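Residue numbers (the working numbering), protein chains in the order written: chain L, 4 to 57; chain W, 8 to 61.
For each residue, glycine too, the CB sits at the ideal point set by N, CA and C.
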């Protein structure tokens, strides 16, 4: 029974919320520009773009 | 007393009573014998009941 209550108290110590979001994998930031090339060019595919013009 | 082709001393009540007490508590202890400690305790799993097949 003491093992029971002990496990209980374990749960009570551990049922507390995590202080924040916690680290995992944020490694290697994605390219901003290959994304833009996919977006634009694959959407610009087969188009007669005249650059930007004034 | 004439038990018919037998005659007997009259038993103490306490004798048979002790027989009852002893045999009963013996049934208790025997219930504790070849039965106990099969439900093995766990804080997590709780009591366990091993089998070749449950």
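The DSSP-derived three-state label of residue 46/L is helix. Pairing residue 45/L with residue 29/L, the inter-Cα distance amounts to about 28 Å. In the DSSP assignment, residue 22/W falls within the alpha helix (DSSP H) that extends over 20-38.
For residue 14/W, the beta-bridge partners assigned by DSSP are 9/W. Listed along chain L are 6, 7, 9, 10, each with a C-beta nearer than 8 Å to that of residue 50/W.
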